[PDB]
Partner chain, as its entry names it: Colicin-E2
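To begin, one chain is listed below as structure tokens, in the form solved without the partner chain.
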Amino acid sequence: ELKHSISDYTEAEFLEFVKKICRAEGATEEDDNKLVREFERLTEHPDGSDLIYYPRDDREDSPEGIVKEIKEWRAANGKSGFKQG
């Protein structure tokens, strides 16, 4: 199914983005990263890719905390959001 934006995805569906990347890595980094790249365009997030790969400081390294980064960041930045569902 196609979406109009990341705001079409709910918080949960997007929180599955990361959970999905965690499982659907494929094999080589390429199959993992190619998922990351599309999601990171949807978020327009800077370090979104790195969110998955390298934990920050006071952030929760969890699929939820990775979402929370993107969530808190975009909300402060005037980006799109998620759908509430």
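Residue numbers count along the first chain shown, from 1.
What comes next is about the form deposited with the partner chain bound, which does not appear here.
Asker: Could you tell me if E16 has a non-hydrogen atom within 4.5 Å of the partner chain in the entry with it bound?
Answerer: Contact check for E16: no, nothing within 4.5 Å of the partner chain in the entry with it bound.
Asker: Considering only heavy atoms, tell me if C22 and the partner chain come within 4.5 Å of each other in the entry with it bound.
Answerer: Output for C22 is yes: heavy atoms within 4.5 Å of the partner chain.
Asker: Would you please decide whether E44 lies within 4.5 angstroms of the partner chain in the entry with it bound, comparing each non-hydrogen atom pair?
Answerer: Answer no; every heavy atom of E44 is more than 4.5 Å from the partner chain in the entry with it bound.
Asker: Consider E72 of the chain shown here, and say whether it contacts the partner chain in the entry with it bound, taking contact as heavy atoms within 4.5 Å.
Answerer: Contact check for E72: no, nothing within 4.5 Å of the partner chain in the entry with it bound.
Asker: Heavy atom within 4.5 Å of the partner chain in the entry with it bound: which residues of 23-50 qualify?
Answerer: In sequence order, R23, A24, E25, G26, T28, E29, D32, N33, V36, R37, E40, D47, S49, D50 come within 4.5 Å of the partner.
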